[PDB]
Structures are given as structure tokens and as C-alpha cells.
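Trainee: Pasting query.cif here (mmCIF, N, CA and C atoms):
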data_structure
#
loop_
_atom_site.label_atom_id
_atom_site.label_comp_id
_atom_site.auth_asym_id
_atom_site.auth_seq_id
_atom_site.Cartn_x
_atom_site.Cartn_y
_atom_site.Cartn_z
N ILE A 495 0.85 -1.18 0.00
CA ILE A 495 0.00 0.00 0.00
C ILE A 495 0.88 1.24 0.00
N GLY A 496 0.34 2.33 -0.53
CA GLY A 496 1.04 3.58 -0.64
C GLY A 496 0.91 4.44 0.60
N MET A 497 1.30 5.70 0.47
CA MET A 497 1.23 6.63 1.58
C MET A 497 -0.19 7.15 1.74
N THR A 498 -0.76 6.96 2.93
CA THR A 498 -2.08 7.46 3.26
C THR A 498 -1.96 8.39 4.46
N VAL A 499 -2.65 9.52 4.40
CA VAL A 499 -2.63 10.50 5.48
C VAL A 499 -4.04 10.65 6.02
N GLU A 500 -4.16 10.67 7.34
CA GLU A 500 -5.45 10.76 8.00
C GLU A 500 -5.44 11.92 8.98
N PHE A 501 -6.62 12.49 9.21
CA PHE A 501 -6.80 13.69 10.01
C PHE A 501 -7.62 13.34 11.25
N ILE A 502 -6.94 13.19 12.38
CA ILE A 502 -7.61 12.92 13.65
C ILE A 502 -8.21 14.22 14.17
N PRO A 503 -9.53 14.32 14.32
CA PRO A 503 -10.15 15.59 14.70
C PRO A 503 -9.98 15.98 16.16
N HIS A 504 -9.66 15.04 17.05
CA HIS A 504 -9.72 15.33 18.48
C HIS A 504 -8.79 14.39 19.22
N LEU A 505 -7.80 14.95 19.91
CA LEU A 505 -6.95 14.17 20.80
C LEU A 505 -7.43 14.31 22.24
N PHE A 506 -6.83 13.53 23.13
CA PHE A 506 -7.18 13.53 24.54
C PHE A 506 -5.92 13.72 25.38
N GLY A 507 -6.09 13.66 26.70
CA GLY A 507 -4.98 13.84 27.61
C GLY A 507 -4.86 12.75 28.64
N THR A 508 -4.17 13.04 29.74
CA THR A 508 -3.95 12.04 30.78
C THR A 508 -5.21 11.71 31.56
N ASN A 509 -6.28 12.49 31.41
CA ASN A 509 -7.53 12.27 32.12
C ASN A 509 -8.70 12.01 31.18
N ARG A 510 -8.42 11.67 29.93
CA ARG A 510 -9.43 11.25 28.96
C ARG A 510 -10.47 12.33 28.69
N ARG A 511 -10.05 13.59 28.66
CA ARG A 511 -10.86 14.71 28.22
C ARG A 511 -10.06 15.48 27.18
N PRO A 512 -10.72 16.19 26.28
CA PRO A 512 -9.99 16.90 25.22
C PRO A 512 -8.98 17.89 25.80
N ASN A 513 -7.81 17.95 25.17
CA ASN A 513 -6.75 18.86 25.59
C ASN A 513 -6.41 19.87 24.51
N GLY A 514 -7.36 20.17 23.62
CA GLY A 514 -7.19 21.23 22.65
C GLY A 514 -6.09 21.03 21.64
N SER A 515 -6.00 19.84 21.05
CA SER A 515 -5.02 19.59 20.01
C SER A 515 -5.56 18.56 19.03
N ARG A 516 -4.98 18.56 17.83
CA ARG A 516 -5.35 17.62 16.77
C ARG A 516 -4.11 16.93 16.22
N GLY A 517 -4.24 16.21 15.11
CA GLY A 517 -3.08 15.56 14.54
C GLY A 517 -3.22 15.07 13.11
N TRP A 518 -2.11 14.57 12.55
CA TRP A 518 -2.11 13.95 11.23
C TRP A 518 -1.41 12.59 11.29
N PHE A 519 -2.15 11.52 11.02
CA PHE A 519 -1.60 10.17 11.08
C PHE A 519 -1.36 9.63 9.68
N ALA A 520 -0.26 8.89 9.53
CA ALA A 520 0.11 8.34 8.23
C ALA A 520 0.83 7.01 8.43
N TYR A 521 0.76 6.15 7.42
CA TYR A 521 1.39 4.84 7.49
C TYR A 521 1.74 4.35 6.09
N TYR A 522 2.41 3.20 6.04
CA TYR A 522 3.04 2.70 4.83
C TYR A 522 3.39 1.23 5.03
N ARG A 523 3.30 0.45 3.95
CA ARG A 523 3.54 -0.99 4.03
C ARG A 523 4.35 -1.45 2.83
N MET A 524 5.45 -2.16 3.09
CA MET A 524 6.29 -2.73 2.04
C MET A 524 7.24 -3.73 2.68
N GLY A 525 8.05 -4.38 1.84
CA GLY A 525 9.02 -5.33 2.34
C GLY A 525 9.89 -5.86 1.21
N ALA A 526 11.09 -6.30 1.58
CA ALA A 526 12.05 -6.77 0.59
C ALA A 526 13.06 -7.69 1.26
N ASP A 527 13.73 -8.50 0.44
CA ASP A 527 14.79 -9.40 0.90
C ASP A 527 15.49 -10.00 -0.30
N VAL A 528 16.68 -10.55 -0.06
CA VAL A 528 17.50 -11.16 -1.09
C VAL A 528 17.21 -12.65 -1.13
N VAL A 529 16.91 -13.17 -2.32
CA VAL A 529 16.54 -14.57 -2.45
C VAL A 529 17.77 -15.44 -2.67
N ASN A 530 18.60 -15.10 -3.66
CA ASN A 530 19.79 -15.88 -3.98
C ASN A 530 21.04 -15.08 -3.61
N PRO A 531 21.79 -15.48 -2.59
CA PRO A 531 22.95 -14.70 -2.15
C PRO A 531 24.18 -14.79 -3.05
N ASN A 532 24.22 -15.72 -4.00
CA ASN A 532 25.41 -15.94 -4.80
C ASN A 532 25.40 -15.19 -6.13
N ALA A 533 24.37 -14.39 -6.38
CA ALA A 533 24.29 -13.60 -7.60
C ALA A 533 24.79 -12.18 -7.40
N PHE A 534 25.63 -11.96 -6.39
CA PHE A 534 26.16 -10.64 -6.10
C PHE A 534 27.61 -10.78 -5.66
N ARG A 535 28.32 -9.66 -5.67
CA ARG A 535 29.65 -9.57 -5.09
C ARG A 535 29.81 -8.19 -4.48
N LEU A 536 30.37 -8.14 -3.27
CA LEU A 536 30.45 -6.91 -2.49
C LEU A 536 31.86 -6.75 -1.95
N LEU A 537 32.46 -5.59 -2.19
CA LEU A 537 33.82 -5.32 -1.78
C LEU A 537 33.82 -4.69 -0.39
N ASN A 538 34.64 -5.23 0.51
CA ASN A 538 34.66 -4.81 1.91
C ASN A 538 36.06 -4.32 2.26
N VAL A 539 36.22 -3.00 2.35
CA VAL A 539 37.48 -2.39 2.78
C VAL A 539 37.42 -2.14 4.27
N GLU A 540 37.86 -3.11 5.07
CA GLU A 540 37.80 -3.01 6.52
C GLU A 540 39.15 -2.55 7.06
N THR A 541 39.11 -1.62 8.01
CA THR A 541 40.33 -1.04 8.57
C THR A 541 40.69 -1.78 9.85
N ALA A 542 41.90 -2.33 9.89
CA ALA A 542 42.39 -2.98 11.09
C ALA A 542 42.59 -1.96 12.20
N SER A 543 42.28 -2.36 13.43
CA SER A 543 42.42 -1.49 14.59
C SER A 543 43.86 -1.05 14.79
N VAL B 298 10.58 31.46 5.31
CA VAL B 298 10.45 30.39 6.27
C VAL B 298 11.23 29.17 5.78
N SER B 299 11.85 28.45 6.71
CA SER B 299 12.59 27.24 6.37
C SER B 299 12.29 26.17 7.41
N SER B 300 12.39 24.91 6.99
CA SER B 300 12.10 23.80 7.88
C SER B 300 12.75 22.53 7.32
N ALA B 301 12.51 21.40 7.97
CA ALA B 301 13.04 20.11 7.56
C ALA B 301 11.92 19.08 7.60
N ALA B 302 12.23 17.85 7.21
CA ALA B 302 11.24 16.80 7.05
C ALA B 302 11.01 16.06 8.37
N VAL B 303 9.85 15.40 8.46
CA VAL B 303 9.54 14.59 9.63
C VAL B 303 10.30 13.28 9.55
N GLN B 304 10.43 12.61 10.69
CA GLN B 304 11.17 11.35 10.77
C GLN B 304 10.20 10.20 10.97
N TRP B 305 10.13 9.31 9.98
CA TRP B 305 9.31 8.11 10.09
C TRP B 305 10.09 7.02 10.83
N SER B 306 9.40 5.93 11.16
CA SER B 306 10.03 4.82 11.85
C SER B 306 9.22 3.56 11.60
N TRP B 307 9.91 2.42 11.56
CA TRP B 307 9.28 1.13 11.32
C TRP B 307 8.75 0.59 12.65
N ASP B 308 7.44 0.43 12.74
CA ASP B 308 6.80 -0.02 13.97
C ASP B 308 6.10 -1.35 13.73
N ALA B 309 5.78 -2.03 14.82
CA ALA B 309 5.11 -3.32 14.77
C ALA B 309 3.60 -3.12 14.91
N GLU B 310 2.86 -4.22 14.98
CA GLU B 310 1.42 -4.18 15.16
C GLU B 310 1.09 -3.71 16.57
N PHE B 311 0.03 -2.89 16.67
CA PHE B 311 -0.42 -2.35 17.96
C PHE B 311 0.71 -1.62 18.68
N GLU B 312 1.53 -0.90 17.93
CA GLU B 312 2.65 -0.16 18.49
C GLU B 312 2.34 1.33 18.45
N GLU B 313 2.46 1.98 19.61
CA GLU B 313 2.22 3.41 19.70
C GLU B 313 3.25 4.18 18.89
N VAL B 314 2.80 5.30 18.33
CA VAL B 314 3.64 6.16 17.52
C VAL B 314 4.21 7.26 18.41
N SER B 315 5.25 7.91 17.91
CA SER B 315 5.90 9.01 18.59
C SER B 315 5.80 10.27 17.75
N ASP B 316 5.56 11.41 18.41
CA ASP B 316 5.34 12.65 17.68
C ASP B 316 6.59 13.06 16.92
N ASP B 317 6.40 13.56 15.70
CA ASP B 317 7.50 13.91 14.82
C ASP B 317 7.38 15.33 14.30
N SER B 318 6.96 16.27 15.13
CA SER B 318 6.79 17.65 14.68
C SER B 318 8.15 18.25 14.34
N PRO B 319 8.30 18.87 13.18
CA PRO B 319 9.59 19.44 12.78
C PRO B 319 9.79 20.85 13.32
N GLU B 320 11.02 21.33 13.19
CA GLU B 320 11.39 22.66 13.65
C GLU B 320 11.48 23.62 12.48
N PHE B 321 11.35 24.91 12.78
CA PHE B 321 11.27 25.95 11.77
C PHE B 321 12.30 27.04 12.02
N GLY B 322 12.75 27.68 10.94
CA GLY B 322 13.63 28.82 11.03
C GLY B 322 13.17 29.91 10.07
N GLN B 323 13.82 31.07 10.17
CA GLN B 323 13.41 32.17 9.31
C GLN B 323 14.60 33.02 8.87
N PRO B 324 14.93 33.00 7.58
CA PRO B 324 15.94 33.93 7.06
C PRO B 324 15.38 35.34 6.92
N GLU B 325 16.29 36.28 6.71
CA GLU B 325 15.93 37.70 6.65
C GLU B 325 16.87 38.41 5.69
N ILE B 326 16.33 39.34 4.90
CA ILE B 326 17.12 40.08 3.91
C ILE B 326 16.72 41.55 3.92
N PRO B 327 17.57 42.45 4.42
CA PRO B 327 17.24 43.87 4.39
C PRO B 327 17.49 44.49 3.02
N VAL B 328 16.83 45.62 2.77
CA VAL B 328 16.89 46.31 1.49
C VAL B 328 17.62 47.63 1.70
N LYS B 329 18.62 47.91 0.86
CA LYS B 329 19.45 49.09 1.00
C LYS B 329 19.45 49.91 -0.29
N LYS B 330 20.06 51.09 -0.23
CA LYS B 330 19.90 52.12 -1.25
C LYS B 330 21.25 52.56 -1.80
N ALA B 331 21.23 53.02 -3.06
CA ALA B 331 22.40 53.56 -3.73
C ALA B 331 21.94 54.68 -4.65
N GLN B 332 22.84 55.63 -4.90
CA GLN B 332 22.41 56.83 -5.62
C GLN B 332 23.60 57.50 -6.29
N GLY B 333 23.30 58.28 -7.34
CA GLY B 333 24.28 59.08 -8.04
C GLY B 333 23.69 60.39 -8.53
N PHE B 334 24.51 61.44 -8.62
CA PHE B 334 24.02 62.79 -8.91
C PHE B 334 25.04 63.56 -9.73
N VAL B 335 24.55 64.39 -10.65
CA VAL B 335 25.41 65.20 -11.51
C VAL B 335 24.74 66.54 -11.84
N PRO B 336 25.38 67.67 -11.50
CA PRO B 336 24.79 68.98 -11.81
C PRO B 336 25.32 69.58 -13.09
N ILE B 337 24.48 70.29 -13.84
CA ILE B 337 24.88 70.90 -15.10
C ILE B 337 24.40 72.34 -15.14
N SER B 338 25.07 73.16 -15.96
CA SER B 338 24.74 74.57 -16.11
C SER B 338 23.68 74.76 -17.19
N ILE B 339 22.99 75.89 -17.16
CA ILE B 339 21.89 76.09 -18.10
C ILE B 339 22.43 76.35 -19.49
N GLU B 340 23.43 77.21 -19.57
CA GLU B 340 24.02 77.52 -20.85
C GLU B 340 24.50 76.25 -21.51
N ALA B 341 25.16 75.39 -20.75
CA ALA B 341 25.70 74.16 -21.31
C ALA B 341 24.60 73.25 -21.83
N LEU B 342 23.56 73.06 -21.05
CA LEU B 342 22.49 72.16 -21.45
C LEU B 342 21.90 72.58 -22.78
N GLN B 343 22.07 73.85 -23.14
CA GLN B 343 21.56 74.32 -24.42
C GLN B 343 22.60 74.30 -25.52
N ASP B 344 23.89 74.31 -25.19
CA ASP B 344 24.95 74.36 -26.19
C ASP B 344 25.45 72.98 -26.58
N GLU B 345 25.90 72.18 -25.61
CA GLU B 345 26.45 70.86 -25.92
C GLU B 345 25.39 69.96 -26.51
N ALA B 346 25.75 69.26 -27.58
CA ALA B 346 24.80 68.45 -28.33
C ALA B 346 24.69 67.06 -27.73
#
Please lay out the structure from this file as C-alpha cells.

Mentor:
Amino acid sequence: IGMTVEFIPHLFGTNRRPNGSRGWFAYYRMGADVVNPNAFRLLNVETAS
Amino acid sequence: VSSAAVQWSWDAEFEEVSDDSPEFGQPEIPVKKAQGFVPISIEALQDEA
């Protein structure tokens, strides 16, 4: 799913009554991973201590 | 006006979000003046072409 933005009309506080503020909520869903590890080559220049 | 982007984060299911309100700044540019002046004689203004 893509980027969706939502408008919360009313927030609350520590005593569950309105505290005079609002907000904008957004979320996103994706995922990835490497299937075959032998189809790549990566150069590693590591510095000895 | 100048500002920066909000910071997203990868959260799990039923995980509370953290507020990401960004900060703002304001540049400023003053306006200054420059001038030049030249006086001429009446006889000259009529003689010189």
C-alpha cells in the first residue's frame, strides 16, 4: 500500500478529556529481501584497529 | 520560512507512535539604497549636443 494520510479531529490527555489539540496520522507498508545470495559480489574495505 | 522533514520509523502491530513535529527557522534580507548625482549649467544644457 502507498502513503495514506489521516486527520484525527480530536486528541485527549492524561484524564481522557480533550486537551485542545489535533493531529495527522500516516502509514506505509512494504518489504524486501535477497533470495539468492550468490548472484552478487560486495567489496569490503575493513580497517584494522 | 525554512524547515526540515519529519522522521518516520518502522513499527510493529499495535505499536504506539511518537510525535514527529519538525522545527522551523526564518531567514531575513534587508533592502538598502544607492544613488548618483550630476549637476549641469543652463548655458551648457543648451549648447552641448

Trainee: What does the distance between atom C of residue 529 of chain A and atom CA of residue 307 of chain B come to in Å, to one decimal place?

Mentor: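 Separating atom C of residue 529 of chain A from atom CA of residue 307 of chain B is a distance of 23.3 Å.
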
Trainee: Please identify all residues of chain B having at least one atom at most 10 Å from any atom of chain A, considering only C-alpha atoms, and return them as an mmCIF file with N, CA and C atoms, in the coordinates of the input.

Mentor:
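Written output follows (part.cif):
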data_model
loop_
_atom_site.group_PDB
_atom_site.id
_atom_site.type_symbol
_atom_site.label_atom_id
_atom_site.label_comp_id
_atom_site.auth_asym_id
_atom_site.auth_seq_id
_atom_site.Cartn_x
_atom_site.Cartn_y
_atom_site.Cartn_z
ATOM 1 N N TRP B 305 10.130 9.310 9.980
ATOM 2 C CA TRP B 305 9.310 8.110 10.090
ATOM 3 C C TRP B 305 10.090 7.020 10.830
ATOM 4 N N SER B 306 9.400 5.930 11.160
ATOM 5 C CA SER B 306 10.030 4.820 11.850
ATOM 6 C C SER B 306 9.220 3.560 11.600
ATOM 7 N N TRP B 307 9.910 2.420 11.560
ATOM 8 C CA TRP B 307 9.280 1.130 11.320
ATOM 9 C C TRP B 307 8.750 0.590 12.650
ATOM 10 N N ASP B 308 7.440 0.430 12.740
ATOM 11 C CA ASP B 308 6.800 -0.020 13.970
ATOM 12 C C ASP B 308 6.100 -1.350 13.730
ATOM 13 N N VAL B 314 2.800 5.300 18.330
ATOM 14 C CA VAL B 314 3.640 6.160 17.520
ATOM 15 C C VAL B 314 4.210 7.260 18.410
ATOM 16 N N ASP B 316 5.560 11.410 18.410
ATOM 17 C CA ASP B 316 5.340 12.650 17.680
ATOM 18 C C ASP B 316 6.590 13.060 16.920
#

Trainee: State, in Å with one decimal place, the distance from atom CA of residue 506 of chain A to atom CA of residue 322 of chain B.

Mentor: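 We find that atom CA of residue 506 of chain A and atom CA of residue 322 of chain B lie 29.1 Å from each other.
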
Trainee: Evaluate the PyMOL selection byres ((chain B and resi 317) around 8) on the structure here and hand back the selected residues as a ChimeraX atom specification.

Mentor: /B:302-305,314-316,318-320

Trainee: DSSP says alpha helix (DSSP H) for which residues of chain B? Put them as a VMD selection string?

Mentor: chain B and resid 339 to 344

Trainee: Quick one, how far is atom C of residue 310 of chain B from atom N of residue 500 of chain A?

Mentor: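 Atom-to-atom, atom C of residue 310 of chain B to atom N of residue 500 of chain A, that is 17.9 Å.
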
Trainee: To box segment 340-345 of chain B, take all atoms listed in the file, fit an axis-aligned box, add 5 Å on each side, and give centre and edge lengths in Å to one decimal, as JSON.

Mentor:
{"center_x": 24.0, "center_y": 73.7, "center_z": -23.1, "size_x": 14.9, "size_y": 17.6, "size_z": 17.0}

Trainee: From the list B:323, B:333, B:338, B:343, which residue is nearest residue 299 of chain B when using only C-alpha atoms?

Mentor: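 Between B:323, B:333, B:338, B:343, the residue approaching residue 299 of chain B most closely is B:323.
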
Trainee: Extract, using only C-alpha atoms, all DNA, RNA and protein residues at most 12 Å from residue 524 of chain A, discarding same-chain residues fewer than 5 positions from it, and format them as a ChimeraX atom specification.

Mentor: /A:495-497 /B:307

Trainee: Please produce a file of the residues just selected, as an mmCIF file, keeping the file's coordinate frame, where the atoms kept are N, CA and C atoms.

Mentor:
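And here's result12.cif as it stands now:
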data_model
loop_
_atom_site.group_PDB
_atom_site.id
_atom_site.type_symbol
_atom_site.label_atom_id
_atom_site.label_comp_id
_atom_site.auth_asym_id
_atom_site.auth_seq_id
_atom_site.Cartn_x
_atom_site.Cartn_y
_atom_site.Cartn_z
ATOM 1 N N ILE A 495 0.850 -1.180 0.000
ATOM 2 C CA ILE A 495 0.000 0.000 0.000
ATOM 3 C C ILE A 495 0.880 1.240 0.000
ATOM 4 N N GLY A 496 0.340 2.330 -0.530
ATOM 5 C CA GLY A 496 1.040 3.580 -0.640
ATOM 6 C C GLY A 496 0.910 4.440 0.600
ATOM 7 N N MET A 497 1.300 5.700 0.470
ATOM 8 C CA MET A 497 1.230 6.630 1.580
ATOM 9 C C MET A 497 -0.190 7.150 1.740
ATOM 10 N N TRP B 307 9.910 2.420 11.560
ATOM 11 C CA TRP B 307 9.280 1.130 11.320
ATOM 12 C C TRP B 307 8.750 0.590 12.650
#

Trainee: Could you please write out, as a PDB file with N, CA and C atoms, in the frame of the given file, every residue of chain A that DSSP assigns to strand (DSSP E)?

Mentor:
ATOM      1  N   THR A 498      -0.760   6.960   2.930  1.00  0.00           N
ATOM      2  CA  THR A 498      -2.080   7.460   3.260  1.00  0.00           C
ATOM      3  C   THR A 498      -1.960   8.390   4.460  1.00  0.00           C
ATOM      4  N   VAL A 499      -2.650   9.520   4.400  1.00  0.00           N
ATOM      5  CA  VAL A 499      -2.630  10.500   5.480  1.00  0.00           C
ATOM      6  C   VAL A 499      -4.040  10.650   6.020  1.00  0.00           C
ATOM      7  N   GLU A 500      -4.160  10.670   7.340  1.00  0.00           N
ATOM      8  CA  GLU A 500      -5.450  10.760   8.000  1.00  0.00           C
ATOM      9  C   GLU A 500      -5.440  11.920   8.980  1.00  0.00           C
ATOM     10  N   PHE A 501      -6.620  12.490   9.210  1.00  0.00           N
ATOM     11  CA  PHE A 501      -6.800  13.690  10.010  1.00  0.00           C
ATOM     12  C   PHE A 501      -7.620  13.340  11.250  1.00  0.00           C
ATOM     13  N   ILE A 502      -6.940  13.190  12.380  1.00  0.00           N
ATOM     14  CA  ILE A 502      -7.610  12.920  13.650  1.00  0.00           C
ATOM     15  C   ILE A 502      -8.210  14.220  14.170  1.00  0.00           C
ATOM     16  N   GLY A 517      -4.240  16.210  15.110  1.00  0.00           N
ATOM     17  CA  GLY A 517      -3.080  15.560  14.540  1.00  0.00           C
ATOM     18  C   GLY A 517      -3.220  15.070  13.110  1.00  0.00           C
ATOM     19  N   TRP A 518      -2.110  14.570  12.550  1.00  0.00           N
ATOM     20  CA  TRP A 518      -2.110  13.950  11.230  1.00  0.00           C
ATOM     21  C   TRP A 518      -1.410  12.590  11.290  1.00  0.00           C
ATOM     22  N   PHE A 519      -2.150  11.520  11.020  1.00  0.00           N
ATOM     23  CA  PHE A 519      -1.600  10.170  11.080  1.00  0.00           C
ATOM     24  C   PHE A 519      -1.360   9.630   9.680  1.00  0.00           C
ATOM     25  N   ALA A 520      -0.260   8.890   9.530  1.00  0.00           N
ATOM     26  CA  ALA A 520       0.110   8.340   8.230  1.00  0.00           C
ATOM     27  C   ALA A 520       0.830   7.010   8.430  1.00  0.00           C
ATOM     28  N   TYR A 521       0.760   6.150   7.420  1.00  0.00           N
ATOM     29  CA  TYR A 521       1.390   4.840   7.490  1.00  0.00           C
ATOM     30  C   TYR A 521       1.740   4.350   6.090  1.00  0.00           C
TER      31      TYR A 521
END
